Structures are given as structure tokens and as C-alpha cells.
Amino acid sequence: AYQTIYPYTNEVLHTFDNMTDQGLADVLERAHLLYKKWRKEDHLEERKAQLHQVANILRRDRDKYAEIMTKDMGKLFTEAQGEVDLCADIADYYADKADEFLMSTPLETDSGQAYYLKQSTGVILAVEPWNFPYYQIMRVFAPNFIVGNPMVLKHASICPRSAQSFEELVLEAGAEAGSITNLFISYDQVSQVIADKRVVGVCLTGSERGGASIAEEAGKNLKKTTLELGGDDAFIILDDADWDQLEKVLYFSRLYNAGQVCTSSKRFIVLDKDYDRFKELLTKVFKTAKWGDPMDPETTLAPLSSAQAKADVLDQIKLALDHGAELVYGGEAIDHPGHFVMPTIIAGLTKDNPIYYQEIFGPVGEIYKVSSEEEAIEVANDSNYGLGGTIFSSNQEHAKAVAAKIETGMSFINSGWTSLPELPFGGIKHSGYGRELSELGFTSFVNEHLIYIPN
């Protein structure tokens, strides 16, 4: 099940054997002892330097790591390079704000003295998706590594080289074996890991079904969890939007990583007045897509991560069109080896259309037409998701006001999504719960230990 099948050529590059039961057991024991070691001894500084070393190695071998991602799930090499860069910053960020985030927090009480320490809890199981091989790991690894929680990783079946190589990266960084261990395990073994007493929490990023299975097993074992699921983000273009700045970000907003981004701008919400205009602008933007070899710097549209992905995205387009939706652009198949899906644009999606509520993890722009800022908010919130979203307006005071009215976890102003170490990332509803990155993500599996001294 775990193998690299280059999306561009569909050529199986390498296959990996699944971890055995005894192997898994050895990994959990090593992980658990390492935890105990970091609890009794102070190795904070070593991990800080180690995390910094992870930054340099990535910075240094950027190109090598970037290609591994491109070959695993086939994203543009240039995009892959950017990810590695985001990873260097997440790593350097937590290595830097380590002392500040770990510092004890005093509590104000008129009945004595009180404060709470920030301690580690144990081995943490991370379950990650293939859309952002390295970023998805770093995002949870770095903070937890700083806290002192060893981590075990269950990555996606289509990006094993990335998962394995990440472990090697940390080991090469001078980190102790056990800090992060990759697990080529079945979902049956994930169930066992969650049920193991040595594992104290689970952080998952992925599909709704997956999150449901993993969270449920976690609940049955009294294990804390954080869920980062999909999104069907609304990109709202207000009456005073700067159309020159708008055209500058459109391509990135929906076609980045070929639309395979949980926070991709999946639902364009435009005013009646601007309907025909936007329809033409998004089309002009989508026509500039240059698909082909994701290693070639000239390519601007990658092939989807697998045959199934492509199959589902096309089936979703067909379903949209069979339920009333209108085909504005694209649609015809791309006859060429590889899981390519050409940019497509649909509109006329009503609440009666199933696609109206479904997240399309592909290069498919969807245009919704509203008549007021009120209907805009209404459509935006009429969704089972609430991850990201965008508000486009030249008046930032105005943009912020409307954003606050959107039921979602993130609102990006006059721009597509963005992820940074200092910014909390997460959503509500079917998009999950809990936050990653920033200081919020740092405490997800931290034990806030209260010390109370009454007078």
C-alpha cells in the first residue's frame, strides 16, 4: 500500500514494506522511554539546537527534499521548494520561542500564590495527508518536539519517501532516535497505537471519514485530539474590491497545488453587478495554466496526486453538471499520461445540487452569485465547513467587519490563504477543531500543571 507512484508518469518509483507488529511495539517503547528521559532530565537546549539544525539541513538540501515531494505526490518543484521554506521557518520559529512558550504562567488569586507549568504528556500520534508532505509534519512535529513529546507518524500511502526521509532528516539533525518515527502501518494498527497506554494524544489532518474513525477510537481510549479536516472556503468579492490586486492573486487562490489545498478558495462569491466580469476574469486566469512536467520551471499546473483523486474530481464535475450546474470553462479531458485535470469553472450551483455542499479537491473554480453583502455572508455560512475564507475589499475596516460575520476559523483579507508559524490554523464544523502553529498549537498536548499555595 505504501509506494511512490510519480503522478506525472504513473511510474512506480519505490515500494515500502509495512511495519510489523513487533516493530511497532519497539517504536512505542523507545518513544515512551525517550519521553520519560526528557521529563527527568533537562534536554530542552539540545532539542532547541537540534530543531535549528533541522532548519539548516532543509535550507541546505532544499532542492533534494523538494523533488522528493514532487515525485511522491507530483506538485510543482517550485511549489515544493516553497514548502520546504515554510518548514525551515516553522522549525526556527519554535526553536526560538521555546523558552517563552515553556515559561510557567502565573495566575492571579487573592487567596495565595498560583501558577501553572507547561509540561509534556507523552508520545503523540500524528496522522497526516499527502497534500503538503513536509509542512503537514513540521506543523505538529516542531512544537511537540520542543515540548518534549516524542512523536509517531502515520503519513499518507502515496507519499512514503517524504515520510521516511523526514525521519532521517530529524535523525541527521542530531535528534535522539524516537523523537519522530515514521510508521508504514495499516489503519488497523493505527487503532492499536491509539489504544496503547504509551500514546497520550492524536493529531490528525485529513478526510472527514478518517478524522471520524481516528477520533472515535481516540474517544474510546480517552485520548485528546485535534482535527484539521477539509474546507470549502468562500472568497467574497465586495463592492469596493481592488480588481487589479484581485487579478494578481486569483491564480494562486484556486490553482495553487492544483486546487488540492484545504484552504483553497473553493467558493467564489461575487455580486450581481460584478458577475459577468468575474466570470471573464477567472476564465482569463485559468487559460494561462500551463500543465506538464512538474519538474520543469515553465509548468504552472501540476497533475493531481493520484488516479483516484483525478477520478473523484472529474466525477464531481460530472455530478455538478448533471444536477443543474453550468459549465463556464474547461471540462474536456487532458489526454496525456499522468493524473491531469484541466482548470474548470462552474456556476449556477443551487442548494439542490449536491456539489454545492461538497469540497472539490481539484482545479475547479465555482462561482456563486449574490445581490448583497447579506446574501454573501449567508452563502458563505451555508456550509458544513468553516476552515478558511477570503474577503476582498479596498476598505480594510470594512473587510474586517464582514469577516467577523463569517462562521469559519480563518479569514484572509485581499489575498488567498497563507500559513505562517505565528498564525493559528484550524477551523470549525466539519473542518475540525483545535488549532495548529502559533502558541495555540503549541499547547494542544501540553499538560498545564497547576501549583497552588494557599495563604
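In this text, residue numbers run from 1 along the sequence as written.
Judged by mean Cα B factor in the deposited record, 104-112 ranks above the other of 136-144 and 104-112. For the pair 59-67 and 30-38, the record assigns the higher mean C-alpha temperature factor to 59-67.
The entry lists C-alpha B-factors for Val200, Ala218, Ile334, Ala234, and the highest of these is at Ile334. Of the candidates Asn182, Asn353, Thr263, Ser305, the PDB record gives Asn353 the highest C-alpha temperature factor. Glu228: CA B factor lies in the lowest third for its chain, per the PDB record.
Per the PDB record, residue ranking by Cα B-factor puts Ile5 in the highest third of the chain. When the modelled residues of the chain are ordered by C-alpha B-factor, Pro297 sits in the highest third. In the deposited entry, the Cα temperature factor of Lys400 places it in the lowest third of its chain's modelled residues. Among the modelled residues of its chain, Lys290 has a C-alpha B-factor that falls in the highest third according to the deposited record.
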